[PDB]
Structures are given as C-alpha cells and as structure tokens.
S.K.: 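Pasting a structure here, questions to come.
Quick note: residue numbers are just sequence positions, from 1.
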Amino acid sequence: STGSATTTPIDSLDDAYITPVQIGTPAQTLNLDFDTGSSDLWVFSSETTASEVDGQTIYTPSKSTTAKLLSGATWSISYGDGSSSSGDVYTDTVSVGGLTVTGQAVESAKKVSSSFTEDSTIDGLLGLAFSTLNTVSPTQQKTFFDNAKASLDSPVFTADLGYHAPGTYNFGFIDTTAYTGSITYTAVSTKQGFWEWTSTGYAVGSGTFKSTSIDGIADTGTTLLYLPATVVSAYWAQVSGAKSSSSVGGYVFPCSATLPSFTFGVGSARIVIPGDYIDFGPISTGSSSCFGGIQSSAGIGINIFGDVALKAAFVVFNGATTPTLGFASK
C-alpha cells in the first residue's frame, strides 16, 4: 500500500504545516501537524476542556463506531517550545492520503497549553519520530508510520514541504518526479528516538564550504533551523545590522536587508536554502525589525534541521531495519 497527502502552511510565514487525517467511522477529518520530532498522535476532542478549545475541529470518539477506549492508558507530552498536552487514549481507524491503519492509538486531549488553544488551525499532532518516544502509559503505543510499515510497498515516508506553498507527505514510495538530481542518503542514530544525523558542513551565501560535522535532527515539527552559535554568528555577520536580541528571543535583522543563502552538507552533496526562506518577517506588526530563520541551538542541547532547512529539500525518512535519511534538491 501507499498514501499521499498534501500538506499546507498554516500562515503566510510557514510557521507550521497541516495535513488532513481521517479518524474513525464515519470519517472525522482533522488537520494535524506531522511532526518527525515526536511520536504521539494526539487530537483536540470532545474531552478537551471547553475553555481550551478555540476554533479547532474536534474528534468525538462516541460518534465513531470503530473507536474503543484503551482502558487505563494516559498520555502527557511537553515539547521543546514549552507547550504541552495530556489526556486519555482510544484506538480507532486512521487514514492519511488513502493509507489506512486500523487500531491506531489516537490520544484524546483533556488538556492543552495556551499555544495550542491559540492556534485555531492545528487540530493535533501526528508524530513520526521513533515509537520509543511515545508517551502513552502504562503501555507505550506505536506511531502511524510504525503501524503502517509492514503494509507499505517500501518502508519509507517522504517530506516535500513547500516555501509559502503546499507540499506533500508520501508513505510507501519515493516519487522520482518530485526532486532533481539524485538522493543522497546518510546514516541515522535512533539512540535519542529522533531522525538524528550528521551534516558534513555549511556555507554562507557564495562563501567557501566549511567542512565540519554537525549532529542534529530532521524535525518537520520545528519551524526554524537551529545550529551551533559559531555557525549562526557566521551567517548573521553577513547581514548588515543583524544582531542577537535577548528581548526578542534571537537574531533579528533589518527588514530592508537581502538575506544570503545558507548551504548545508549531506555527505558530499549540498542543499541550498535560499535567503528568502530565512525571513520570518516583522517581530511585531509594523516593525522594521525582522526575525531570522536561522537561530542558535545553544541551550536546546541539540541542533534542529526544522522546516527552514527541510523545505529546501525532498527528504526521505527510510524506516528500513537500519534507518537512514535521504536528501535531494528540488
């Protein structure tokens, strides 16, 4: 089997992407944030504290003939950005782009933090990291991909995120029309539960490539590119007037600037992030200070190849017995 679904930016900045997911019988379609940095499929629901729902579409398990309470199971998750959610668990039928999993754990939120409430466009998350990170207790549950894997034509999924435009998540096949040149594959460590890999270096604009190992994660659920402070300083030094602002929370730059590209290495291959991908717009409405899309990972504890990086590539998440990651230009 295979699946193919379009993923759509939630706003004009590509802060996140939503993908429609069918849950239950008859189908209830919710727009979920596919997150290769976490491993829980959770949804706003009829159980979510009413004051914490503001415009989201909810899953109502009592209206699904295939929903079953997973007795005694609870979940609770905290994300890198400080947001969180928790609740109980149902199993139900879940379909993405025509690919169906029966008995998928659907984690129903009883509580969500303010950032979730305040974002009316995201109805929940669909985790695509390794199932070892799943938070369900006392019996850990499998991700949608882990459950689908054996049925897929090939044990892979691909992320093809758009810049200010829709893109695609495919399951079970590699669309050879969706990228240019070849796909370069690189080793993955699953030791921390992430799609963790080592970039071979970087360049700023038309500058020379610096060969240096940068360990980080491929994370579709993180907006920006978070890299070591040395790398990030070298980038922003090429933008007149750019500075790190503790009050704003990172590097800002004059909105009048033209940003240089940023290149990262994948083995001997190179992925180029155009400068415009690094512009996250005014820090507040009407400001002439703009927020940068490359930020320091210092104090995160890990480097993160988030959407800024991934949307410059066609990315293969290869879930073979020994997982790997592939990157192609597009």
S.K.: So for atom NZ, which belongs to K210, do other residues, nucleotides or ligands contribute more than 12 heavy atoms lying within a distance under 6.0 Å?
M.R.: no
S.K.: Over all heavy atoms of both residues, which pair between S297 and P228 is shortest? Give the atoms and the distance, please.
M.R.: OG-N, 3.7 Å
S.K.: In the structure I gave you, are the side-chain heavy atoms of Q104 and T91 within less than 4.5 Å of one another anywhere?
M.R.: no
S.K.: Taking only residues at least two apart or on different chains, which pairs with a member in residues 270-288 satisfy salt bridge (charged side-chain N to carboxylate O under 4.0 Å, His left out)?
M.R.: none
S.K.: Regarding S51 and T49, do their side chains bring together a donor and an acceptor under 3.5 Å, going by distance alone?
M.R.: no
S.K.: Among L99, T36, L126, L128, which residue meets the side chain to side chain contact (heavy atoms under 4.5 Å, CB included) test with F145?
M.R.: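 Result for side chain to side chain contact (heavy atoms under 4.5 Å, CB included) with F145: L128.
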S.K.: Is any side-chain heavy atom of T220 closer than 4.5 Å to a side-chain heavy atom of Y169?
M.R.: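 With C-beta onward as the side chain, the pair touches.
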S.K.: Rounded to the nearest 0.5 Å, what separation is found between the OG atom of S113 and the CD1 atom of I77?
M.R.: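 Reported value, rounded in 0.5 Å steps: 11.0 Å.
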S.K.: Are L325 and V272 co-members of a hydrophobic cluster defined by side-chain heavy atoms under 4.5 Å apart?
M.R.: no
S.K.: Listing request: all ring pair (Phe, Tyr, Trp, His ring centres under 6.0 Å) pairs with a residue in residues 200-233, at least two apart in sequence or in separate chains.
M.R.: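 Every ring pair (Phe, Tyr, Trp, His ring centres under 6.0 Å) pair that includes a residue of residues 200-233, provided the two are not neighbours, is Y202-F262.
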S.K.: Yes or no on ring-ring contact (aromatic ring centres under 6.0 Å, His included) for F291 and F280, after CA distance, side-chain angles and deciding distance?
M.R.: CA-CA 5 Å; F291 197 71; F280 280 73; 7.7 Å; no
S.K.: Is the distance between the ring centroids of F305 and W195 under 6.0 Å?
M.R.: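 Centroid separation for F305 and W195: 6.0 Å or greater.
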S.K.: Between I283 and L259, is there a shared hydrophobic cluster once you connect ILVMFWY residues whose side-chain heavy atoms come closer than 4.5 Å?
M.R.: yes
S.K.: Applying ring pair (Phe, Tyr, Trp, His ring centres under 6.0 Å) between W197 and each of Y185, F317, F327, report the one that passes.
M.R.: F327
S.K.: Between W42 and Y59, is the ring centroid distance below 6.0 Å?
M.R.: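 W42 vs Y59: aromatic centres not under 6.0 Å.
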S.K.: Is there side-chain contact between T190 and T132, with heavy atoms separated by less than 4.5 Å?
M.R.: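 No, side chains not in contact.
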S.K.: Less than 4.5 Å apart, side chain to side chain, heavy atoms only: is that true for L70 and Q141?
M.R.: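 In short, these two side chains touch, coming nearer than 4.5 Å.
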